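*Asks:* let me start by giving you these chains from the complex, positioned as in the assembled structure:
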Amino acid sequence: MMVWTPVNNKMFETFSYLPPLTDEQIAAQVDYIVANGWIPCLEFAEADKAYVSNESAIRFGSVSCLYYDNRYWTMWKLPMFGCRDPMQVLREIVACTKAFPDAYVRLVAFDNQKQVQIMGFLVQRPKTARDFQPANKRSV
Amino acid sequence: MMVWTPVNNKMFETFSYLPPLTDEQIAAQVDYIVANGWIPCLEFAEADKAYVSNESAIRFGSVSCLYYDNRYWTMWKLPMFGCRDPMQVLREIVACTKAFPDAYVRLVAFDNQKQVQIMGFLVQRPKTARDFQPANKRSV
Amino acid sequence: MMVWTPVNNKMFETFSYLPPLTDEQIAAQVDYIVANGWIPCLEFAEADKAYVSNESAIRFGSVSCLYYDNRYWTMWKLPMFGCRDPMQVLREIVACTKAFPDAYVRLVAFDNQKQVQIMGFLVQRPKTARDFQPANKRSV
Amino acid sequence: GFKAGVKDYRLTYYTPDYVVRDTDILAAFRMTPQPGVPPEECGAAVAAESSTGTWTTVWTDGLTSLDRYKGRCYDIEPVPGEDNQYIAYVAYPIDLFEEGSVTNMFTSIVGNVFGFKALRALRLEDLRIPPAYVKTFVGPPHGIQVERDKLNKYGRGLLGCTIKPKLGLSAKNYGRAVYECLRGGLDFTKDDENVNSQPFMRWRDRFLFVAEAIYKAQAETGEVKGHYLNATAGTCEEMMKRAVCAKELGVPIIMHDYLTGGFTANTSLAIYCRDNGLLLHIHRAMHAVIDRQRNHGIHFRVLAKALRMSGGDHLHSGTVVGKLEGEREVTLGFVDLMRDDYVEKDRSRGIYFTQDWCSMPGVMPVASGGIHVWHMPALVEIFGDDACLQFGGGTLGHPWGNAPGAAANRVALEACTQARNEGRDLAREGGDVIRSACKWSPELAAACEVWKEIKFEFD
Amino acid sequence: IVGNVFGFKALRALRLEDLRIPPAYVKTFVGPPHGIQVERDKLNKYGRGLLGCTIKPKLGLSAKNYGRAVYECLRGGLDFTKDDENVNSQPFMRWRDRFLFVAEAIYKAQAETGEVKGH
């Protein structure tokens, strides 16, 4: 019997329970994105503004149901509308990580028919980050 | 007349007002546990999540009566059901402290008839802990 | 396409989106003040008390609409009533920054007919301040 | 003229020449008349006694316009492979219905007729809710998009888990189980449908401890977490009392048993939820009493349309592959009926009418009951991302406890999603994807080992 | 009791035929607001069944007409009339309108017959 660690095992939604994505696994996702006609976009956040919290709820009455700070990250440029080129997306991931080496960066895609974000996964963790575990040391 | 110190004299519920338990006093408790048919279990917490606080009450209305964070610790494996072996419990205490050298660790036992935790005391304090007093320096 | 940075690009109301004021651009504002009959005054705040927050709202009911801490800075001496001398204001800016080298300092001006502050811009940022950006590094 | 006495319903209520109006509510009943009762008469009886008519001629008819108000049987198909079974189509004018009231709609259409001597069995298969009627409903408090937006969760199914045993756990223990499941990687846990407030665990105690588990798990994982606290109760006042406390605790989501609670109580709750930003999970407790048999009852697709109108953010859709019945083609149909804006007629999937929801939000299908890690690819294949999959036993039954149980299922789902996205066909390479992941993840491996032989196929 | 079991793959069909509600469970319920005896006592009606009557057509009648039909029924010697189960509030007759006119009918029939009337 192995024990799943509480310290410090912070996850990041879709695909963070899998092994970290290879530059080619990331490219396979981008193909899936362009294949389906979805709008790609990049978002980023500094170390603090990355996790869900609720310090603005100090200003609220009894209305803090489904309110959490740090859902919104900062948009890299604009979403790439009708841009059906997998190459150019990968280039923007690079441009972005280069510009914010210390930021959390995620790739997201929008469906405009259902008007919703249809997929999203992390592409860069900052190097100073000490609150995650490598895939093998998650249970002791 | 001696004065009971306010700094930093943090206690830990049952038995934390006695002198720290010898490996054999611990074993004597475990005998008592198995003698009575109770289910032993181990719980642990990192340095922060160890003490009772209330930072989630920022999300509440007037309903924070008998709500405190960090009552729940993290369960080590599972509770040891019908495991009537004092040796094996002591081994799990060791397995646990070994896996989390920096954690608070406590031994607890459940009565399943009354459905309540029936005893519980601390078995490991982390080494970095500076907020407790040795039994003799509690009063100056 | 350049991206406007979220880190740490903290601004300061009027004129903080322009390039920092030259000693002579500052003096040009003071001429405008005195030319219009407005009362000059100086305000200052330590590194913490400079930015708008809301830690006193912990004591509030549902009445924290348009309440923020740190709107009020500390007054340097008194407002300079009917003092129609541009020279003497500049001298007080100096006297002030001298006395509080580590403080945020702003120059403000009151219209007493409308009874409102009629202008205000920063004149000193403390040297330890790491949460602003120079005008050219605001977009990458 | 007023002519006292009994006559045939067909004289007034069978109109096979009628052109349905864009605002008529349409019903498709699976009729089985008594031997010697002509289909046309039986169909008219159903139309009559579900709208304006009784058993003998009343004089008051003349004071109003029976033409304007009557239910009309307007078409009868014989059922292939059936001696005495027909599909009778009834059109009801919009005027017949109270705006916004699922209760009223069901009172007319399924109120009395199912008990008629003149028939052996009756089944309501489908309803066509016209846009002009749909627009009278508040409908779901949030719906799929808004829910995903509120929870900040995208590009995969959601994972949940009913705490077990169903009954018997104390409040403190409940919260303990909840924390362990949530921190392993499940999004949601839930009260069992029959966990309300009982001698072993009073609701407010539970709500408090569960709120604490939700918050510990959230801080630990950094992902948003939830627990469907049950507001189902004996009286509306109690139901509200619980919903209020949940709001007061800041938790994201409550659940209601709409069918045992009832439509009236449910619509109330959904409105409260809309007004307070609470997510509303709907449990379909008791549906099988009504929807299981082919010859008699109301088919679930109707009970799902109803729920969408009454209001709910989630509704249990069944698993197909799990411990409870659910045929695959029909399920794919009512899942479209739950989620989509516009669903074209398709008799292969039991969809008798084109249903236009006119922008009413979508309900998230919840797949739950007797499922484990080996079903994962079949599940992802059936429902896609917009679904919530739940593992009760499949989590609290894992040999290493709830956190590893959770972790297992989360890895299983994440693997299939990646597989699907990378191009792999999940209907075929299913077992492969799972197997690759067990050899990779210890926790998943332990799970696959225990439930490898376990399937639900019968007769 | 009837929550999930009816939908099990392991069975073809299930029917709940009866339940034994023990007194100790029974006592936790407010139960019926009045009950037979008290109803009779309130209505002042004894030694016979009570007579009732659903207004017809089920739907389509205006509030004014509804009341009219009620009055005629009640004065003839029926104890009660009733809204049809699906008479709630609809475009052809809104409930408050109905309630008012029916109240008037009830009182007119009561005064005329000297017997207690209801709807």
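*Replies:* Arrived safely, thanks for sending. Residues are numbered from 1 along each chain as shown, chains lettered A, B, ... in the order given.

*Asks:* any idea where the helices of chain A begin and end?
*Replies:* Secondary structure of chain A (DSSP state H): helices located at A:23-35, A:86-99.

*Asks:* mind putting those into JSON lines with distance to residue B:127 and mean neighbour count?
*Replies:* For every residue, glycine as well, the C-beta is placed using N, CA and C. Below are the helices of chain A laid out as JSON lines (distance: least, C-beta to C-beta, whole Å; neighbours: other C-beta atoms under 10 Å in any protein chain shown):
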{"stretch": "helix A:23-35", "distance to residue B:127": "41", "mean neighbour count": "16"}
{"stretch": "helix A:86-99", "distance to residue B:127": "39", "mean neighbour count": "15"}
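
*Asks:* how about CSV for those, with distance to residue E:63 added?
*Replies:* Shown next, in CSV, are these (distance: least, C-beta to C-beta, whole Å):
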stretch, distance to residue E:63
helix A:23-35, 60
helix A:86-99, 65
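
*Asks:* for these, which one sits closest to chain C?
*Replies:* helix A:86-99 (4.7 Å; C-beta to the nearest C-beta).

*Asks:* and the closest one, what does it pack against?
*Replies:* Where contact means 3 or more C-beta pairs under 8 Å, 6 or more residues apart in numbering or on different chains; DSSP states H and E, helix A:86-99 is packed against helix A:23-35, strand A:39-45, strand A:104-111, strand A:116-124.

*Asks:* if we go to 10 Å?
*Replies:* helix A:23-35, strand A:39-45, strand A:74-76, strand A:104-111, strand A:116-124 (3 or more C-beta pairs under 10 Å, 6 or more residues apart in numbering or on different chains; DSSP states H and E).

*Asks:* so the residue of chain A at minimum distance from chain D bridges to which residues?
*Replies:* Residue of chain A nearest chain D, by C-beta to the nearest C-beta: residue A:119 (3.0 Å). According to DSSP bridges, the partner residues bridging residue A:119 are residue A:109.

*Asks:* for residue D:20, see how far away it is.
*Replies:* According to C-beta to C-beta, to the nearest Å, residue A:119 and residue D:20 sit 42 Å apart.

*Asks:* the more surrounded of these two?
*Replies:* For residue A:119 versus residue D:20, neighbours defined as other C-beta atoms under 10 Å in any protein chain shown are more numerous around residue A:119 (23 against 15).

*Asks:* ok so, going back, correct me, but the residue of chain A closest to chain D touches residue A:35?
*Replies:* No: the criterion here is C-beta atoms under 10 Å, and residue A:119 misses it with residue A:35 at 11.9 Å.

*Asks:* identify the contacts common to these two.
*Replies:* residue D:421 (C-beta atoms under 10 Å, 6 or more residues apart in numbering or on different chains).

*Asks:* run a quick neighbour tally on whichever residue of chain A sits closest to chain B.
*Replies:* Residue of chain A nearest chain B, by C-beta to the nearest C-beta: residue A:62 (3.9 Å). Residue A:62 is flanked by 17 other residues according to other C-beta under 10 Å.

*Asks:* then add chain F to what we have above:
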Amino acid sequence: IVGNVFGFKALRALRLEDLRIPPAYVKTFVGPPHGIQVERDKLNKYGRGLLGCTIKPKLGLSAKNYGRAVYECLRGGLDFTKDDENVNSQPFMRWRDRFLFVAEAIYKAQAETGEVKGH
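*Replies:* Putting chain F together with the chains above:
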């Protein structure tokens, strides 16, 4: 529909002449509290136009005088009288004073004529 557009530089004049309100939108409105049929039923008035009368002078009459005028109009055979559109509550006549006196007028005219009256 009529929010901004009428003020556009790119046009000289705009007029909205009609709207098609579709049934699906119409169904979302409570609409009129009663409507013609229910009104007639409530008032018990059938088979002719109804007769009304705005009290004059528009402004300047006291509450007591208002009621007086009302009673005289109503008793002569008008169905309704009414406050002038700009009669609300003012220094020469406060609304509650008027309501009370008018109520009295309505009832007097009603008892006298035996016809339902209103203001």
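
*Asks:* and what packs on helix A:86-99, now that chain F is part of it?
*Replies:* helix A:23-35, strand A:39-45, strand A:74-76, strand A:104-111, strand A:116-124.

*Asks:* now do the shortest one: which elements does it pack against?
*Replies:* Applying 3+ C-beta pairs under 10 Å, 6+ apart, one finds that strand A:74-76 contacts strand A:39-45, helix A:86-99, strand A:104-111.

*Asks:* what's the longest one in contact with?
*Replies:* The reference is to helix A:86-99. By C-beta under 10 Å, 6+ apart, helix A:86-99 touches A:23, A:26-35, A:40-44, A:76-77, A:80, A:83, A:85, A:103, A:105, A:107, A:109, A:123-124, C:1-3, C:5, C:140.

*Asks:* only alpha carbons, please: show that helix as CSV.
*Replies:* Only the C-alpha atoms of helix A:86-99 are listed here, as CSV (Å, rounded to 0.1, in the frame of the first residue of the first chain):
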residue,chain,number,x,y,z
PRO,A,86,0.2,24.3,-36.2
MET,A,87,3.7,25.6,-36.8
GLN,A,88,2.8,29.2,-35.9
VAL,A,89,1.2,28.1,-32.6
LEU,A,90,4.3,26.3,-31.5
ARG,A,91,6.3,29.4,-32.4
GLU,A,92,4.1,31.6,-30.1
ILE,A,93,4.5,29.2,-27.2
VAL,A,94,8.2,29.8,-27.6
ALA,A,95,7.9,33.6,-28.0
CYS,A,96,5.8,33.6,-24.8
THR,A,97,8.0,31.4,-22.6
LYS,A,98,11.0,33.4,-23.8
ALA,A,99,9.3,36.7,-22.8
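
*Asks:* what's the angle from it to helix A:23-35?
*Replies:* 120 degrees (axes from the mean of the first three to the mean of the last three C-alpha atoms, to 10 degrees).

*Asks:* how about the helices in the stretch 151-300 of chain D?
*Replies:* For the stretch 151-300 of chain D, the helices defined by DSSP state H, counting those that start in this stretch occupy D:171-184, D:203-221, D:236-248, D:258-261, D:263-276, D:287-291, D:300-310.

*Asks:* so which of these is nearest chain E?
*Replies:* helix D:287-291 (3.2 Å).

*Asks:* what sits closest to residue 77 if chain neighbours are left out?
*Replies:* I'll assume chain A. Nearest non-adjacent residue to residue A:77, counting by C-beta to C-beta, 6 or more residues apart in numbering or on different chains: residue C:1, 4.9 Å away.

*Asks:* sorry, I should have been clearer: chain D.
*Replies:* Per C-beta to C-beta, 6+ apart, closest to residue D:77 is residue D:87, 4.4 Å.

*Asks:* identify the bridge partners of that neighbour.
*Replies:* residue D:30, residue D:77.

*Asks:* surely it and residue D:352 touch.
*Replies:* Yes: using C-beta under 10 Å, residue D:87 makes contact with residue D:352 at a distance of 7.6 Å.

*Asks:* now for these two: what residues contact both?
*Replies:* Joint contacts of residue D:87 and residue D:352 (C-beta under 10 Å, 6+ apart) are D:28, D:77, D:125-126.
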